[PDB]
Amino acid sequence: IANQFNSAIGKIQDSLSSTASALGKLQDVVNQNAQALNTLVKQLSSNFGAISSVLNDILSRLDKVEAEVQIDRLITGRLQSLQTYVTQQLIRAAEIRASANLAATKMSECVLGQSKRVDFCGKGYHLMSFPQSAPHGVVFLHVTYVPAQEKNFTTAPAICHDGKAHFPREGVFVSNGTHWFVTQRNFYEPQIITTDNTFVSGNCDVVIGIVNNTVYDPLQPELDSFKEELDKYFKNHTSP
Amino acid sequence: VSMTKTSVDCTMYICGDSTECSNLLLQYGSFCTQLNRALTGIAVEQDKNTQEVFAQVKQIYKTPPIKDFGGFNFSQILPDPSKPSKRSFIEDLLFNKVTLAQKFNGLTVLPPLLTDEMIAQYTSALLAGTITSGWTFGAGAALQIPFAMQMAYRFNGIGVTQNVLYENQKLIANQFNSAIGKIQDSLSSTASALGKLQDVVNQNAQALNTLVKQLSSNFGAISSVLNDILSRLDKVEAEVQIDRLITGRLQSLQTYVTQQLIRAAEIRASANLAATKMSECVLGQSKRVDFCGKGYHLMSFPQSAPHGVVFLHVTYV
Amino acid sequence: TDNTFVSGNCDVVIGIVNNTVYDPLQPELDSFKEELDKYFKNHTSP
Amino acid sequence: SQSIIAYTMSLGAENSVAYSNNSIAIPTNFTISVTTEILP
Ligand SMILES: *[C@@H]1O[C@H](CO)[C@@H](O[C@@H]2O[C@H](CO)[C@@H](O[C@H]3O[C@H](CO)[C@@H](O)[C@H](O)[C@@H]3O)[C@H](O)[C@H]2NC(C)=O)[C@H](O)[C@H]1NC(C)=O
Ligand SMILES: *[C@@H]1O[C@H](CO)[C@@H](O[C@@H]2O[C@H](CO)[C@@H](O[C@H]3O[C@H](CO)[C@@H](O)[C@H](O)[C@@H]3O)[C@H](O)[C@H]2NC(C)=O)[C@H](O)[C@H]1NC(C)=O
Ligand SMILES: *[C@@H]1O[C@H](CO)[C@@H](O[C@@H]2O[C@H](CO)[C@@H](O[C@H]3O[C@H](CO)[C@@H](O)[C@H](O)[C@@H]3O)[C@H](O)[C@H]2NC(C)=O)[C@H](O)[C@H]1NC(C)=O
Ligand SMILES: *[C@@H]1O[C@H](CO[C@@H]2O[C@@H](C)[C@@H](O)[C@@H](O)[C@@H]2O)[C@@H](O[C@@H]2O[C@H](CO)[C@@H](O)[C@H](O)[C@H]2NC(C)=O)[C@H](O)[C@H]1NC(C)=O
Ligand SMILES: *[C@@H]1O[C@H](CO)[C@@H](O[C@@H]2O[C@H](CO)[C@@H](O)[C@H](O)[C@H]2NC(C)=O)[C@H](O)[C@H]1NC(C)=O
Ligand SMILES: *[C@@H]1O[C@H](CO)[C@@H](O[C@@H]2O[C@H](CO)[C@@H](O)[C@H](O)[C@H]2NC(C)=O)[C@H](O)[C@H]1NC(C)=O
Ligand SMILES: *[C@@H]1O[C@H](CO)[C@@H](O[C@@H]2O[C@H](CO)[C@@H](O)[C@H](O)[C@H]2NC(C)=O)[C@H](O)[C@H]1NC(C)=O
Ligand SMILES: *[C@@H]1O[C@H](CO)[C@@H](O)[C@H](O)[C@H]1NC(C)=O
Ligand SMILES: *[C@@H]1O[C@H](CO)[C@@H](O)[C@H](O)[C@H]1NC(C)=O
Ligand SMILES: *[C@@H]1O[C@H](CO)[C@@H](O)[C@H](O)[C@H]1NC(C)=O
Ligand SMILES: *[C@@H]1O[C@H](CO)[C@@H](O)[C@H](O)[C@H]1NC(C)=O
């Protein structure tokens, strides 16, 4: 488990040290921020119908009253260029806040906890996550258990014994094709079907697909060796 | 989950069939490119939203040809082969209950990347994965388990002991089959059930209708028709009237792109929620109260709808 | 004693009640004390 | 010998799950998977 973790963290270094594009979600934010300021500087070069885009070319060439008709065009177009930038930034800031509220929730539930939510903290069953910082963002290394090498088994919902139906306490019943075992649901590790692995309910008539197998009671051979211990004590006592 | 993708020729909306208006529109610079970058940023994420909700399955899982699910009858929600698109019976109710002159104003509607057949195939794989393998296809490879033995694991998940399934399994199967029966009857009979999806289509249509109607407005010019202004006035007076139509049209576009950007953020929040209900209710079983319907969550089945998703949430009450 | 666990004494829990708690090992040994006794009563005969 | 091609996208590898009323698959082993998630 440690060698698989150390090898999996090794592949995070190899991937981040190799590919140019892994942080594309963070480079998109920088690219959108930079593009909006470069677009806003480009809207200064526009005339909006004025004789020039430059106030010094209006104020050197026109008189105080013929200038104002040109200056108000540039004011009107620029003022709309700022209201466009600030509207785009207020909408874009709500995209980043929704992502910061998610990242704060992954910090609480994936790093400060162990999550039972499916696919919230990576693709698998969540063990733990490690936070790493990045430019304008966070990176979570999510560690997950992934079950790897399955076998087919025959299975039953219950075992029938003394006409009583037995169910697993934790686990599932399985058969290799000739013997019946009880095992934990998420990893094949089989045990003999004992009275400590199972619970009784009702009779074998009500469960669809119940199978006949013995259910072992671990007290019985410790009492049965007490019955051989008793019987040899009587055989010894017959002697006098 | 998504809304219609649109794009606009800003020069054809403002100045359609006018070289004079096009040569005045150059005075405003970047705005017509910046409007098209906004509508593209919306259109690119409608495909993202759809793919984040539906494409959560690694492989296209198929159901067995024998339907031995312990009495649970999924035939209303599984694919129906006798169709051009393999939608389920309930999916073909959903596609009928939402009902869906702009073009020559430079406006156009773009197709989604995933067709309704591909959304139905992903939904089939999510449903066929769920009923053959439980939650295991969400966390690894799909591992088969009998459906009544999966439903016993689900009963343990709500704190109910698994003999309460196996000793009552015919009642539980009949109550599921009777509850899926009532889903069909409700969806068939009742109009307003898909109101959430019809409202998105109605808001997109009312927005494009309003955008086209703003071409008939004068904005204080002598006409709303560029040819009237250009035939009746000389160059220097026509350029004063054409600029009123450019100013008012360009604000009519900037208003549409702003309400579309604001509305795309509501649809994204709903797609992110629908993707979370797909992961947590379909690929799992949820302890989160009232998240996967009212009651104690057992399981959920996805069904596709026009521009959305339907979850049939199954609960112990 | 299989459905339940024990901790402390009756003096601390507000609203504790009195009922018997069955020990499933008790008749499993008492039916073995009759298996002792009937084998002893037989061995009185020789 | 290179060109641009155009094709209908695949949705993933296709799979019939081996379901039966009495068959279960149980994993005999596991892997530890570390996966990176990036958030603005
Ligand atoms: C199903 O699982 C069974 C348990 O693993 C298995 O039966 C076991 O088979 C082994 C031999 O492969 C036996 O091992 C013993 O063999 C002799 C017995 O005299 C001893 O000398 C050895 O030391 C060793 O203990 C087990 O006794 C036997 N167990 C039982 C409960 O019968 C089946 O073979 C498996 N079947 C399939 C199809 O996989
Ligand atoms: C699982 O174990 C059960 C208990 O041994 C077993 O039930 C028993 O099955 C036999 C054979 O079918 C029955 O035999 C008698 O059947 C009728 C009377 O019920 C007579 O007409 C016949 O002559 C014959 O004597 C047992 O009566 C029956 N016992 C009970 C308590 O039901 C199941 O058949 C076993 N199942 C499997 C698949 O192995
Ligand atoms: C639950 O069962 C308890 C065990 O039977 C019982 O405790 C017993 O309570 C009575 C009455 O309080 C005591 O009776 C004695 O009271 C005093 C001494 O404390 C004497 O002067 C009396 O003559 C009488 O003998 C028992 O001694 C006491 N036994 C023990 C072991 O504490 C509880 O009262 C029962 N509780 C309820 C709610 O029923
Ligand atoms: C689990 O079993 C399935 C199919 O059932 C088995 O069929 C026999 C081969 C035998 O194993 C019986 O005991 C079972 O009843 C396997 O699925 C088949 O896989 C092969 C490739 O290995 C493929 O060519 C077949 O088309 C599949 N058939 C079906 C019906 O699905 C599956 O591989 C087994 N899985 C494991 C993990 O062992
Ligand atoms: C699963 O439920 C459907 C009904 O929703 C059953 O299909 C009907 O079966 C009857 C009897 O053969 C036919 O007359 C109807 O025409 C069927 N309706 C449809 C929509 O196909 C189906 O038989 C049930 N499955 C099982 C195994 O009982
Ligand atoms: C538990 O509730 C169910 C219904 O939710 C009961 O099942 C119904 O029982 C009556 C007769 O008692 C029948 O007429 C109905 O057809 C049954 N419905 C179904 C879906 O099978 C059931 O009897 C109740 N059980 C207990 C122990 O109270
Ligand atoms: C469980 O899987 C691991 C690998 O994920 C197996 O470990 C490898 O075993 C082979 C020999 O069988 C070695 O060559 C490798 O070097 C091992 N890798 C590691 C990381 O140690 C392991 O053997 C499997 N266990 C079982 C019971 O199947
Ligand atoms: C399982 O299906 C087979 C037919 O393939 C049938 O003979 C058997 O009785 C069924 N068993 C259960 C538990 O339903
Ligand atoms: C008989 O049992 C007694 C113990 O009761 C022991 O001391 C003695 O060695 C035993 N002898 C034989 C022959 O079993
Ligand atoms: C419960 O309330 C009654 C009064 O209705 C009181 O006599 C009794 O002692 C209370 N018991 C507990 C366990 O609080
Ligand atoms: C008494 O013990 C003898 C062996 O010493 C045995 O043969 C006989 O069946 C027993 N009788 C009873 C009533 O247990």
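We number chain B the same way Swiss-Prot does; the residues here are 729-828, 852-1068, in that order.
Technique stated in the header: electron microscopy, 3.1 Å.
Cβ atoms are placed via backbone N, Cα and C, with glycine included.
In Swiss-Prot this protein carries:
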DISULFID  B:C738-B:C760  disulfide bond
DISULFID  B:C743-B:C749  disulfide bond
CARBOHYD  B:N801  N-linked glycosylation site
REGION    B:920-970  region 'Heptad repeat 1'
COILED    B:949-993  coiled coil
DISULFID  B:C1032-B:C1043  disulfide bond
In whole Å, how far is B:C1032 (disulfide bond) from the residue listed as 'N-linked glycosylation site' when you measure between their Cα atoms? 20
Rank aside, I only need the closest one: which of the disulfide-bonded residues B:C749, B:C1032, B:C1043 has its C-alpha nearest to that of B:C738 (disulfide bond)? B:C749
Out of B:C749, B:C760, B:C1043, which of the disulfide-bonded residues has the smallest number of neighbouring Cβ atoms within 10 Å? B:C760
I'm trying to understand the geometry here, so how far is the Cα atom of B:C743 (disulfide bond) from the Cα atom of B:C1032 (disulfide bond), in Å to the nearest whole number? 51
Summarise the region 'Heptad repeat 1' (B:920-970) as counts of helix, strand and coil residues per DSSP. 43 helix, 0 strand, 8 coil
Look up B:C738 (disulfide bond) in the DSSP assignment and reduce it to helix, strand or coil. helix
Count of other CB atoms lying within 10 Å of the CB belonging to B:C738 (disulfide bond): 23
Could you measure between B:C1032 (disulfide bond) and B:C760 (disulfide bond) for me? Cα positions, answer in whole angstrom. 44
Could you check what DSSP calls B:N801 (N-linked glycosylation site) once collapsed to helix, strand or coil? coil
Close-lying recorded positions around ligand 2 among B:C738, B:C743, B:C749, B:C760, B:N801, where CB distance stays under 6 Å: none
